[PDB]
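Colleague: Begin with these chain(s), straight out of the complex:
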Amino acid sequence: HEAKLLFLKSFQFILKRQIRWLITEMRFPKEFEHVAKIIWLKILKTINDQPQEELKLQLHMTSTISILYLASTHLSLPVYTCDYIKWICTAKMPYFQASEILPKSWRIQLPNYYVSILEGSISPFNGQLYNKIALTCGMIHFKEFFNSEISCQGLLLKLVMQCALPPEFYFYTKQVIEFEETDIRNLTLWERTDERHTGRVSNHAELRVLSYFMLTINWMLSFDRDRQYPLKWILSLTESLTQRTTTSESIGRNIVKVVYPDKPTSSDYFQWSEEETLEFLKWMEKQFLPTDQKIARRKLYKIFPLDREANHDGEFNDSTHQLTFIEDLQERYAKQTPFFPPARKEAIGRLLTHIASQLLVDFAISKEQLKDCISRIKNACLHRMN
Amino acid sequence: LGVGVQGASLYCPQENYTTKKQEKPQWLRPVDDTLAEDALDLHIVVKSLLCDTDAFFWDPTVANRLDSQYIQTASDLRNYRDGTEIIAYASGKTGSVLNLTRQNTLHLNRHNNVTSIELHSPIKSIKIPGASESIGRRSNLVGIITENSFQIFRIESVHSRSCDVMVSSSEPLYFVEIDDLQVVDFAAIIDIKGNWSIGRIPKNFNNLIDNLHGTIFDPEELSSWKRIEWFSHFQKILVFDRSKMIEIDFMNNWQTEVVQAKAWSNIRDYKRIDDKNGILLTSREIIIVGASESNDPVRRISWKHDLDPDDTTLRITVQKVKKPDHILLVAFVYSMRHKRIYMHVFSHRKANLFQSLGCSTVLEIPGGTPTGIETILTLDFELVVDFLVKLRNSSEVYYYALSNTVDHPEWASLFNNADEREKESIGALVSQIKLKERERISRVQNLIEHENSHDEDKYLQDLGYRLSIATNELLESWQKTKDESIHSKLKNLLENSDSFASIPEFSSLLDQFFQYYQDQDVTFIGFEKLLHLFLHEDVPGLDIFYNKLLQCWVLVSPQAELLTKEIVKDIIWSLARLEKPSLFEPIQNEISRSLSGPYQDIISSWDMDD
Amino acid sequence: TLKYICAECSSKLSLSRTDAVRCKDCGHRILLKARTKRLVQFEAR
């Protein structure tokens, strides 16, 4: 009943810091502040709609990302929940460890279970980022006031370059989209204030784009009478795709495999390389800035200086240690040059595990969550035509 | 003989030091520091293919399902012929059936006739018990444990004209006492859950338990793990569980408990090294090399190393390496759940003095998890060793020789159906894009032949004319519907939206589209400082966003140009958010809902605070 | 700026009230006050 407003006094102030990070550094516009403030203030009326007698307000760290995702689709931005979980688990916008370092004066009177929720306790998993969006579009009506128009062209330009496929699949998918679609445009963002039950329809818009990217890449390769996509090129795709590299997208992707403990291909750190373990620890430098028996600890780090004792990478350093994301592809695309059945489809099945698990880590869902998304797209694409 | 010991224990854990020094003044490293020095010693496989056939628990009453060691039969005793190499494992449907020759690596023999004997129960233990060196021969029999019986066979009369392995048998003694027996060792001496016995090994197959036994049933032992071994043949058995070791001389009334491991470690695995003095024990968190005492054959405990992993399903196998100066004893701890490995070195020298050198680890195969590693004696500073593995949920028993110098079944069941009816109904959608791509190999080619033309210079001024038309309508529709206090498409045209591809001039169409709207009621977003979300780099301009995506699909695209121009405009016509209501729309609306909230939430509704 | 001197390590601590009486670099519970700039006069003989 009381100090629930004390949460509210800083749950905007942390969200003040989530967005001012995006504005000052990642070039996000000043209007993005104001788009979210309509999104911010309307849920306070929903709390004001709740009686103060036993209100039990429903705010979590999954909320402050979900209301930060809806401001990106009203502005029609190419930033997504793969471009949020890659900017939070890589310790870039303050999602993780928010209770402990952000207030600095408002901290102490907050109770113990409230201050527990406000820091970045876990990372969201298996549609927990999605079901809150379903609870966000429903509780405050982002529908019927705003535009819930997922710019899917701004989403699958990424998914071409994630795994280095030729750009025909950008339009091969598009006509699979434009065949099986109610209302050709506008994959619908879903709203739910109805009840607490996950409806097993997979009505999330960004969820269903991926199944269109899953069913296309099998159909354009298994049924190829045109012999334009040869098997030996597939043998030069997955062999060139299952290949580690040290770009900052890849290094940032390596952090994302770390954080999720439930699934396999999470104990993937054993296969790390020579260069990979340097910058992973230079990333770990950017965890301690988020994260009377005290001069002993000062005495401890006199014998472990964080820099190297000599020959560090400070000033007279290199030409380039690390290359950019436009240049690793110039080694990937300049590798699989050959371009012009039981064992053909198995070499397609190599990609079937590989690209659908690489997808599975990028968006924080389980394999059963993508099991629903194929069995309700493929069994719904057939029923429309048959 | 080194100094810093106890007589009950002796430790050399991870990466600190020894605990001893003689101070020998002999100019030959004046120490007996219990870490010998050398260079590195890494291990590289020799991979081969040898032979082949609730999710949160596993059961301890299984031990193994394979054994293979050099053996000598009754036709090999009287003859000069010595050294026969077998292999036996459980396979089949229910695992209730049980079934050779190294040439340069170990391979199955060319006559390839495994004696696939059939039983009435799945197999839980397969062992051939090995030979004590005080007999000269190698024992020609095999011990197995089933769920329903206990069979003993006898490997009789291997052939060279047939390479056959025929057997005799013992009478399969069932469960008169109906409790699952755990460990048998010969060195029918068995260990049931809670008690052990001495059973009669027969010499007659053309046709039992001795009256001396004991019970070991710990009342607070919830697990189902046991283990028994003879201790240096002197009629003294070492009886185990996960918690304690019970030593029993069955020859006299002599019982004494030695290990007590309930507090912070528990016994996992215990492989009796073929050395009848030097024996190895593996609890969790520590490797113990507990040997035999030289004078009184009761129990020696010696130099021991901490086991750095912390797990709950630990196993070990140990393989002897005999060199001129010393003996080595590598210690292979494996686990049912993870794939990786960990190995030791113990320089067991002559005068009961030994050391260690360190620990190392190597890599594995991406399909399966290990359940049994099996060593090869190989008939007998470049350490060499050899072992054969058994994986759980992978039935490909391979081979390895370490020396110094995935389409899952959840993917074929979802795709590629074999219905003849809908074999082709999807195929029209397959030919839908076979139609529509070659429809668009020419519709884009309508634009390709035109290079800075004047009909497309006419169309661009026809295009931006039509942008100023429908926008200025809705700007007043936003102005007439201003006081709502309760959207951006730019896809309203339907002419082609596709008959013009000139990227460096299309931005100057859109700068002019921003120049034509300098006043309020309409604002826009940038296109040079917002396009970096695709590439995560500097996007200096719309002119050279194209030039690095032009060089991105050169070698994969046939004709390399038509696919690339049509995505860049497709981005702009889907990042077409040019229809924002200007600043007077949120200023009148943001405070409006905050005026609906009382003074309790006004101070809570405050940005620009610190 | 108002400060002190540490006894052992000569660290010029500056103490506020409701602080621990230790020094910040060495946990040394004995600490001697220093002088400021103040004006005092004297005679001579």
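Modeller: Here it is on my side, so go on. Residues are numbered from 1 along each chain as shown, chains lettered A, B, ... in the order given.
Colleague: what sits against residue 363?
Modeller: In the absence of a named chain, chain A is used. Contact partners of residue A:363, counting by Cβ atoms under 8 Å, 6 or more residues apart in numbering or on different chains, are A:81, A:82, A:85, A:206, A:207, A:210. C-betas here are computed from N, CA, C, even on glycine.
Colleague: my bad, chain B
Modeller: By Cβ under 8 Å, 6+ apart, the contact set of residue B:363 is A:270, B:340.
Colleague: Could you measure from it over to residue A:341?
Modeller: 32 Å (Cβ to Cβ, to the nearest Å).
Colleague: still on that earlier bit, which of the contacts of residue A:363 lies closest to residue B:295?
Modeller: Using Cβ to Cβ, residue A:85 is the member of the contacts of residue A:363 that lies nearest residue B:295, at 66.7 Å.
Colleague: anything in stretch A:77-95 near chain B?
Modeller: Yes. Applying Cβ under 8 Å from any Cβ of the partner chain, one finds stretch A:77-95 touching chain B at A:77, A:78, A:79, A:83.
Colleague: Where does the last one sit: helix, strand or coil?
Modeller: Remark: residue A:83 carries the secondary structure label helix [criterion: DSSP: H, G, I helix; E, B strand; the rest coil].
Colleague: For it, which residues are in contact?
Modeller: A:158, B:533 are the contacts of residue A:83 under Cβ under 8 Å, 6+ apart.
Colleague: can you add chain D next? sequence is:
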Amino acid sequence: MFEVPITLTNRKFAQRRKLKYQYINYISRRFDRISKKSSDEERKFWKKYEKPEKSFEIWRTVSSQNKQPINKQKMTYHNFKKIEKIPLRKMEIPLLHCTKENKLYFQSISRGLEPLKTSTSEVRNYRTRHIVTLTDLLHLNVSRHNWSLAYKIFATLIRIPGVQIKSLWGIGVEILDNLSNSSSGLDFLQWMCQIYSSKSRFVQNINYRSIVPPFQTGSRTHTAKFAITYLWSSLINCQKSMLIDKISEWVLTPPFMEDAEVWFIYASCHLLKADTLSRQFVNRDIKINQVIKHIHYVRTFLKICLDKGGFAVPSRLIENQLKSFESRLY
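Modeller: Placing chain D onto the earlier chains gives this:
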């Protein structure tokens, strides 16, 4: 894969041993009437057995009067199928308190069936999740022998809050084995033996979590395994340096009146001293009765080392060591 330095707690892990050891208390008290006839539930359990305080396993010597008759009255299926129904029928009411996994956790392991699942496989805290990452990469450059990279893993493992006493000194060789521009290794053990070294008493009645008396303690009747390591080291550093008397005061300063292992290294401070003093550049008043102190000292310090418990020194050989210097002295 390795062991992780986290004091981690969850409600299901606090249940599943209270769900475990309570049933052990019954079946042992059920055994107390069967073996005779012919409020924590863990603190009550540990009042029968001794935590070893020196070792992972309290070893017991077998070559003694520790013999025992063998119980040839076996525990068959009859006497076991009748002894277990009365606690398990009684155990059903805490099962309806615990969650739906713990009712299946306890009843599966009640017939054998050791679990496969790791207790640290579901910690999920983004920082503990980064502890288990850099403690399995810490060993993996040690065991692949790469120090100047594993130096930087360990410089960022100490700074995470929650790491224990364990990994601090266990792989402290990274300063020692570097030697390039390093702190020579010994300076860290000096830091270790100051601030974690107590003289407390082992109370044994509290149930211990995340600290363990085999290696990471420093209480009484168990010398700290990083302290005797610091004792054995700097004398080898003394042996490497050819100051000797500093440790020969620093072992003289504590009267460790419990063990035997501190006395021999204290005797070895004089035995190592008396070699170079038995050189003299021979081929004469102070340097004859000077060594005869240190000849006399070891014969006392080993004599009191041998008065203590089981610590088998070469009592024949060590006398023949310093006797060779008497021939050099004469």
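Colleague: Check the contacts of residue A:83 one more time with chain D there.
Modeller: Counting by Cβ under 8 Å, 6+ apart, residue A:83 touches A:158, B:533.
Colleague: hmm, try it at 10 Å
Modeller: By Cβ atoms under 10 Å, 6 or more residues apart in numbering or on different chains, the residues touching residue A:83 are A:26, A:69, A:72, A:77, A:155, A:158, A:362, B:533, B:534, B:536.
Colleague: Tell me which of the residues you listed fall in helices.
Modeller: A:69, A:72, A:155, A:158, A:362, B:533, B:534 (DSSP state H).
Colleague: Which one of the residues you listed is nearest to residue D:123?
Modeller: residue A:362 (22.6 Å).
Colleague: Count the residues that sit near the nearest residue to that closest one once chain neighbours are set aside.
Modeller: Spatial nearest neighbour of residue A:362, chain neighbours left out: residue A:82 (4.5 Å); criterion: Cβ to Cβ, 6 or more residues apart in numbering or on different chains. Neighbourhood size, residue A:82 [other Cβ atoms under 10 Å in any protein chain shown]: 21.
Colleague: if I look at residue A:82, how far off is residue A:333?
Modeller: From residue A:82 across to residue A:333, the span is 22 Å (Cβ to Cβ).
Colleague: I'd like the ones in helices among the contacts of residue A:83 as a markdown table, with neighbour count and distance to residue D:281 appended.
Modeller: Formatted as a markdown table, the ones in helices among the contacts of residue A:83 follow (neighbours: other Cβ atoms under 10 Å in any protein chain shown; distance: Cβ to Cβ, whole Å):
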| residue | neighbour count | distance to residue D:281 |
| --- | --- | --- |
| A:69 | 21 | 84 |
| A:72 | 22 | 85 |
| A:155 | 22 | 86 |
| A:158 | 16 | 80 |
| A:362 | 20 | 76 |
| B:533 | 20 | 80 |
| B:534 | 22 | 81 |
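Colleague: also put chain E on there:
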Amino acid sequence: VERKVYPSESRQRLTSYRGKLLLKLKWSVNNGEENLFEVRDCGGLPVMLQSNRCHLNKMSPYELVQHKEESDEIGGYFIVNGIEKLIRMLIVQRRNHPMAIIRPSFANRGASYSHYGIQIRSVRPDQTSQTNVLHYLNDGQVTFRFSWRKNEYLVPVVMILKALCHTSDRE
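Modeller: To build on what is shown above, here is chain E added in:
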């Protein structure tokens, strides 16, 4: 953390410069059927300056300056609550020697006594003392005196000389 304390500090704290007393006991029950060894803390009894136990023990005059002491540090004195209370030396009787003093105070000890006596001061090699005095009666008998706890005791010497070793009257 435990650090060394120099006598420059306990002057400033104005408490004693104590040192921990270590004293291990024994519990031998039933002719020693069970033995229990307990090094117990006993408090702080202080430490003479430049003793063994003082931290200026073998300390150089350059290194006596650098711990705030005298460069010709004298030692010898305690520190009790900040006050340098040493212990004055006495004069006692020379030990190991039977003196034969006459004193009229010996006549003050009863009838039949005299002023003749032999006063030996017997120490033990742990530096104790035990003064045994041998008075002379006028009636021919000689008695042996000692002082055990708080009192004075009188025994004939025929009791003692018979009881030391088995000797007859002539020996």
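Colleague: try the contacts of residue A:83 again now we have chain E.
Modeller: A:26, A:69, A:72, A:77, A:155, A:158, A:362, B:533, B:534, B:536.
Colleague: now with 7 Å?
Modeller: residue B:533 (Cβ atoms under 7 Å, 6 or more residues apart in numbering or on different chains).
Colleague: And the residue of chain C found nearest chain B, which helix or strand is it part of?
Modeller: When scored by Cβ to the nearest Cβ, chain C has residue C:16 as its residue closest to chain B, at 23.5 Å. Secondary-structure assignment from DSSP states H and E places residue C:16 in no helical or strand segment.
Colleague: How many neighbouring residues does it have?
Modeller: 6.
Colleague: Can you show me the strands along chain E?
Modeller: Listed in chain order, the strands of chain E (DSSP state E) span residues E:18-24, E:39-46, E:98-99, E:113-122, E:130-137, E:142-146, E:153-156.
Colleague: For stretch B:47-57, which outside residues touch it?
Modeller: Contacts of stretch B:47-57 (Cβ under 7 Å, 6+ apart): B:87, B:91, B:105-108, B:388, B:395-400, D:108, D:113, D:115-117.
Colleague: Just the buried subset of these, please.
Modeller: Neighbour-count burial (16 or more other Cβ atoms under 10 Å in any protein chain shown) applied to the contacts of stretch B:47-57 gives B:87, B:91, B:106, B:107, B:388, B:397, B:398, B:399, B:400, D:108, D:113, D:116.
Colleague: Out of these, name the ones that lie in helices.
Modeller: Short answer: the buried ones among the contacts of stretch B:47-57 in helices (DSSP H) are residue D:108.
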